[PDB]
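First up is the structure itself, then whatever we jot down about it.
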Amino acid sequence: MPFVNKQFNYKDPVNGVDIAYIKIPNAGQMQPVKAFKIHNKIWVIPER
Amino acid sequence: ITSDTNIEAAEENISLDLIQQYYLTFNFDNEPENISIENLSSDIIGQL
Amino acid sequence: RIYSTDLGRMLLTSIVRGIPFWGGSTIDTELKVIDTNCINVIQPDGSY
Amino acid sequence: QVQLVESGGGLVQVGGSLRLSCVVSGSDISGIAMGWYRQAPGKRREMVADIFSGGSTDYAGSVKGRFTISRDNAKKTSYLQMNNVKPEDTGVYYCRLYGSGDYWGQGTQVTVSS
Amino acid sequence: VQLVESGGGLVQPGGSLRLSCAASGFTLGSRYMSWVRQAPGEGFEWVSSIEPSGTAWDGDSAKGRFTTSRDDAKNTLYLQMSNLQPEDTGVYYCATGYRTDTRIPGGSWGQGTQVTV
């Protein structure tokens, strides 16, 4: 019963479901960044 | 002052047992689905 | 650690089911999602 | 029972000014927020401006810098001053008292003509 | 989903090259694409990538040296290399993802093109 139901490492290969490069809203063009879906509607982007 | 003038209830201070009252009647069952939406543009445009 | 506590469990649950409103439609009879509330996830095959 | 009555709507030329007023009967409207909405033909009734009892204002994007919402708790009246009107400002304007009920006005038509 | 590359076999350092990658089964301008090279006896290295919006991103290897272009009408991805170096030797593939560093399930690849410098 954990809130994050998967063990996530930053070197895990992308799969497009919970580990993938993404682009969010931006003022202009943005470089995609690797992000991790830790729970439903909850994403984490380990980037400055 | 009217005969219909509403009398207000109390203002219970937020105590731990009231938090437990809401905890025991909270619904943890339903979580909204990650539905399939129509694809947006490649670059999402938006500012803060 | 937040989800382990009772209060934090409630907080995360409320956050998850608080989906941003589909208020993007100019027509009152339609429901349209707002782009800025979404992201683009790049799939392995190259589609997003 | 609470009653909202608006007034001051008419037809107005592009760049002109128009003053909308709304009086309240049946409630003191102290410590109660107020708002002005507008409904365009065929569109949903949308928020234009909100003003709190303390005087704080909150505007929409298309209306900020051109409209000014004010109120008088003593006279129990809300005002909306529309300056530099544009054709998008055409529609039926409704006043609202954010009270114990869905207190709306009758609605007055504003038409920007060119 | 078919991808076939075509690029010059060899040139000694100090020159240039144009690699091509012809696609079939989809529209090349609608998916993120990448260029990735593999040196013999080593893993993959992300060379470049191109967005469906036409924006291209190149990694540490050959930034300012290589440029990634794409022709929508021809449906073909191009890699214009200049100032090649001996450490740029390997087999070059046009991968189907963004920053494609390994083989990922559901991802399409090409057979490769030999480049020796």
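Starting from 1 in every chain, residues are counted up; chains themselves are A, B, ... following the order of the structure tokens, and ligands are numbered from 1 as listed.
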**Report entry** Proximal residues of chain B relative to chain C (only C-alpha atoms; 10 Å) as a VMD selection string
**Finding:** chain B and resid 16 19 to 20 22 to 24 26 to 33 37 to 48
Query raised in the report: Which residues of chain E are close to chain A, meaning at most 10 Å apart when you count only C-alpha atoms, and how do they look as a ChimeraX atom specification?
Result: /E:51,53,55-57,97-107
Name the residues in contact with residue 86 of chain E at a cut-off of 10 Å, using only C-alpha atoms, excluding same-chain residues fewer than 2 positions from it; report them as a PDB file with N, CA and C atoms, in the first residue's frame.
```pdb
ATOM      1  N   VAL E  11      35.828   8.343 -45.148  1.00  0.00           N
ATOM      2  CA  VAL E  11      36.628   9.511 -45.506  1.00  0.00           C
ATOM      3  C   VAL E  11      37.569   9.784 -44.342  1.00  0.00           C
ATOM      4  N   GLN E  12      38.804  10.147 -44.663  1.00  0.00           N
ATOM      5  CA  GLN E  12      39.769  10.443 -43.623  1.00  0.00           C
ATOM      6  C   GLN E  12      39.476  11.812 -43.010  1.00  0.00           C
ATOM      7  N   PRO E  13      39.904  12.036 -41.762  1.00  0.00           N
ATOM      8  CA  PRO E  13      39.421  13.198 -41.002  1.00  0.00           C
ATOM      9  C   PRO E  13      39.719  14.527 -41.681  1.00  0.00           C
ATOM     10  N   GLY E  14      38.845  15.495 -41.425  1.00  0.00           N
ATOM     11  CA  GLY E  14      38.947  16.817 -42.003  1.00  0.00           C
ATOM     12  C   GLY E  14      37.937  17.131 -43.086  1.00  0.00           C
ATOM     13  N   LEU E  84      34.956  15.663 -39.601  1.00  0.00           N
ATOM     14  CA  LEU E  84      34.937  14.326 -39.024  1.00  0.00           C
ATOM     15  C   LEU E  84      36.284  13.992 -38.392  1.00  0.00           C
ATOM     16  N   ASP E  88      34.887   9.238 -34.498  1.00  0.00           N
ATOM     17  CA  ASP E  88      33.527   9.213 -35.017  1.00  0.00           C
ATOM     18  C   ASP E  88      33.246   7.969 -35.853  1.00  0.00           C
ATOM     19  N   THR E  89      34.102   6.953 -35.763  1.00  0.00           N
ATOM     20  CA  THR E  89      33.939   5.736 -36.547  1.00  0.00           C
ATOM     21  C   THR E  89      32.923   4.810 -35.887  1.00  0.00           C
ATOM     22  N   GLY E  90      32.013   4.269 -36.688  1.00  0.00           N
ATOM     23  CA  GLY E  90      31.035   3.330 -36.181  1.00  0.00           C
ATOM     24  C   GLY E  90      29.901   3.140 -37.170  1.00  0.00           C
ATOM     25  N   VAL E 115      30.430   4.140 -41.150  1.00  0.00           N
ATOM     26  CA  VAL E 115      31.177   5.384 -41.305  1.00  0.00           C
ATOM     27  C   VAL E 115      32.529   5.172 -40.638  1.00  0.00           C
ATOM     28  N   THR E 116      33.598   5.188 -41.428  1.00  0.00           N
ATOM     29  CA  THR E 116      34.954   5.058 -40.909  1.00  0.00           C
ATOM     30  C   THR E 116      35.732   6.319 -41.248  1.00  0.00           C
ATOM     31  N   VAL E 117      36.398   6.887 -40.249  1.00  0.00           N
ATOM     32  CA  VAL E 117      37.120   8.136 -40.433  1.00  0.00           C
ATOM     33  C   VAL E 117      38.602   7.948 -40.129  1.00  0.00           C
TER      34      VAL E 117
END
```
Query raised in the report: Just asking: which residues within chain D are strand (DSSP E) according to DSSP, as an MDAnalysis selection string?
Result: chainID D and resid 3:7 11:13 18:25 33:39 46:51 57:59 67:72 77:82 91:98 102:104 108:113
For a quick test of understanding: name the residues of chain C lying within 7 Å of chain D when counting only C-alpha atoms, and present them as a PDB file with C-alpha atoms, in the first residue's frame.
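Result written to result-v6.pdb:
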```
ATOM      1  CA  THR C  26     -16.050  29.033 -25.404  1.00  0.00           C
ATOM      2  CA  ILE C  27     -19.433  27.352 -25.998  1.00  0.00           C
ATOM      3  CA  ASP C  28     -21.392  26.824 -22.780  1.00  0.00           C
TER       4      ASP C  28
END
```
Would you tabulate, counting only C-alpha atoms, all residues of chain C that have an atom at most 7 Å from an atom of chain E, showing the closest pair of atoms and their distance in Å to one decimal, sorted by chain then ascending number, as JSON lines?
```
{"residue": "C:44", "atom": "CA", "partner": "E:107", "partner_atom": "CA", "distance": 5.3}
{"residue": "C:45", "atom": "CA", "partner": "E:107", "partner_atom": "CA", "distance": 4.6}
{"residue": "C:46", "atom": "CA", "partner": "E:97", "partner_atom": "CA", "distance": 4.5}
{"residue": "C:47", "atom": "CA", "partner": "E:31", "partner_atom": "CA", "distance": 4.8}
```
Expected file contents, prior selection, N, CA, C and O atoms, as a PDB file, in the first residue's frame:
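What follows is the written file out-v1.pdb:
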```pdb
ATOM      1  N   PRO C  44       8.177   5.550 -27.010  1.00  0.00           N
ATOM      2  CA  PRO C  44       9.370   4.958 -27.639  1.00  0.00           C
ATOM      3  C   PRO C  44       9.334   4.974 -29.155  1.00  0.00           C
ATOM      4  O   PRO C  44      10.382   5.148 -29.787  1.00  0.00           O
ATOM      5  N   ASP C  45       8.156   4.814 -29.762  1.00  0.00           N
ATOM      6  CA  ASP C  45       8.039   4.790 -31.216  1.00  0.00           C
ATOM      7  C   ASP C  45       8.187   6.166 -31.850  1.00  0.00           C
ATOM      8  O   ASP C  45       8.154   6.262 -33.082  1.00  0.00           O
ATOM      9  N   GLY C  46       8.335   7.224 -31.055  1.00  0.00           N
ATOM     10  CA  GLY C  46       8.528   8.563 -31.557  1.00  0.00           C
ATOM     11  C   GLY C  46       7.292   9.432 -31.536  1.00  0.00           C
ATOM     12  O   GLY C  46       7.416  10.662 -31.570  1.00  0.00           O
ATOM     13  N   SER C  47       6.108   8.831 -31.484  1.00  0.00           N
ATOM     14  CA  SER C  47       4.894   9.606 -31.309  1.00  0.00           C
ATOM     15  C   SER C  47       4.823  10.149 -29.885  1.00  0.00           C
ATOM     16  O   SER C  47       5.457   9.632 -28.961  1.00  0.00           O
TER      17      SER C  47
END
```
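Distances here use only C-alpha atoms; by that measure, the residue among D:97, D:109, D:1, D:69 closest to residue 4 of chain B is D:1.
As for atom CA of residue 9 of chain D and atom CA of residue 80 of chain D, they are spaced 10.5 Å apart.
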Query raised in the report: Could you name the residues that touch residue 23 of chain C at 7 Å or less, counting only C-alpha atoms, but leaving out those on the same chain fewer than 2 positions away, as a PyMOL selection string?
Result: chain C and resi 21+25+31-34
Query - d(atom CA of residue 25 of chain D, atom CA of residue 77 of chain D) in Å - result: 9.5 Å
Query - Shell around residue 59 of chain E at 9 Å using only C-alpha atoms, local window under 3 positions removed, as a ChimeraX atom specification - result: /E:46-49,62-63,99
Write the selection just made, keeping N, CA, C and O atoms, as a PDB file, in the first residue's frame?
```pdb
ATOM      1  N   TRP E  46      24.026   8.625 -28.243  1.00  0.00           N
ATOM      2  CA  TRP E  46      23.070   9.518 -28.886  1.00  0.00           C
ATOM      3  C   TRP E  46      23.808  10.632 -29.616  1.00  0.00           C
ATOM      4  O   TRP E  46      24.542  11.411 -28.998  1.00  0.00           O
ATOM      5  N   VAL E  47      23.615  10.709 -30.929  1.00  0.00           N
ATOM      6  CA  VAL E  47      24.268  11.730 -31.742  1.00  0.00           C
ATOM      7  C   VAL E  47      23.407  12.980 -31.857  1.00  0.00           C
ATOM      8  O   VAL E  47      23.872  14.094 -31.599  1.00  0.00           O
ATOM      9  N   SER E  48      22.142  12.819 -32.240  1.00  0.00           N
ATOM     10  CA  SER E  48      21.291  13.972 -32.520  1.00  0.00           C
ATOM     11  C   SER E  48      19.828  13.564 -32.420  1.00  0.00           C
ATOM     12  O   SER E  48      19.502  12.390 -32.244  1.00  0.00           O
ATOM     13  N   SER E  49      18.947  14.556 -32.543  1.00  0.00           N
ATOM     14  CA  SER E  49      17.510  14.316 -32.538  1.00  0.00           C
ATOM     15  C   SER E  49      16.804  15.490 -33.200  1.00  0.00           C
ATOM     16  O   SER E  49      17.332  16.602 -33.263  1.00  0.00           O
ATOM     17  N   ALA E  62      29.801  16.309 -31.330  1.00  0.00           N
ATOM     18  CA  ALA E  62      29.578  17.084 -32.548  1.00  0.00           C
ATOM     19  C   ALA E  62      28.415  18.068 -32.391  1.00  0.00           C
ATOM     20  O   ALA E  62      27.405  18.004 -33.097  1.00  0.00           O
ATOM     21  N   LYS E  63      28.575  18.988 -31.441  1.00  0.00           N
ATOM     22  CA  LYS E  63      27.721  20.165 -31.345  1.00  0.00           C
ATOM     23  C   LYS E  63      28.418  21.311 -32.067  1.00  0.00           C
ATOM     24  O   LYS E  63      29.547  21.673 -31.719  1.00  0.00           O
ATOM     25  N   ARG E  99      16.497  11.147 -27.925  1.00  0.00           N
ATOM     26  CA  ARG E  99      17.682  10.785 -27.144  1.00  0.00           C
ATOM     27  C   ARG E  99      17.774   9.273 -26.962  1.00  0.00           C
ATOM     28  O   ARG E  99      18.064   8.771 -25.874  1.00  0.00           O
TER      29      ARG E  99
END
```
Report task. For segment 36-47 of chain A, list every protein, DNA or RNA residue within 6 Å, evaluated using only C-alpha atoms, and leave out those in the same chain fewer than 3 positions away; present the list as a PyMOL selection string. Result -> chain A and resi 4+18-19
Sorted per-residue table, chain D near chain B, closest atoms and distance, 12 Å, only C-alpha atoms, as JSON lines:
```
{"residue": "D:1", "atom": "CA", "partner": "B:4", "partner_atom": "CA", "distance": 10.4}
{"residue": "D:26", "atom": "CA", "partner": "B:2", "partner_atom": "CA", "distance": 11.3}
{"residue": "D:27", "atom": "CA", "partner": "B:5", "partner_atom": "CA", "distance": 11.5}
{"residue": "D:100", "atom": "CA", "partner": "B:6", "partner_atom": "CA", "distance": 10.7}
```
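Using only C-alpha atoms, the nearest neighbour of chain B within the list A:28, A:5, A:48, A:11 is A:28.
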Requested in this report: Check every residue of chain A for an atom within 6 Å of chain C, counting only C-alpha atoms, and provide those that qualify as a PyMOL selection string.
Outcome: chain A and resi 16+21-25
Requested in this report: Give me the residues within 10 Å of residue 81 of chain D as a PyMOL selection string, counting only C-alpha atoms and dropping any in the same chain fewer than 2 places off.
Outcome: chain D and resi 17-21+66-70+79+83
Write the residues of the preceding selection, restricted to C-alpha atoms, as a PDB file, in the first residue's frame.
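Result written to selection.pdb:
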```
ATOM      1  CA  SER D  17     -17.139  55.009 -21.609  1.00  0.00           C
ATOM      2  CA  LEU D  18     -20.186  53.586 -19.853  1.00  0.00           C
ATOM      3  CA  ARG D  19     -21.095  53.358 -16.166  1.00  0.00           C
ATOM      4  CA  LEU D  20     -23.061  50.380 -14.838  1.00  0.00           C
ATOM      5  CA  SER D  21     -24.633  50.469 -11.382  1.00  0.00           C
ATOM      6  CA  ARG D  66      -9.981  49.024 -19.312  1.00  0.00           C
ATOM      7  CA  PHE D  67     -12.655  48.365 -16.664  1.00  0.00           C
ATOM      8  CA  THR D  68     -12.781  49.447 -13.018  1.00  0.00           C
ATOM      9  CA  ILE D  69     -15.102  47.886 -10.433  1.00  0.00           C
ATOM     10  CA  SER D  70     -15.994  49.861  -7.305  1.00  0.00           C
ATOM     11  CA  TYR D  79     -20.352  50.164  -9.911  1.00  0.00           C
ATOM     12  CA  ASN D  83     -13.431  52.720 -20.441  1.00  0.00           C
TER      13      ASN D  83
END
```
Query raised in the report: In Å, how far is it from atom CA of residue 4 of chain E to atom CA of residue 66 of chain E?
Result: 19.8 Å
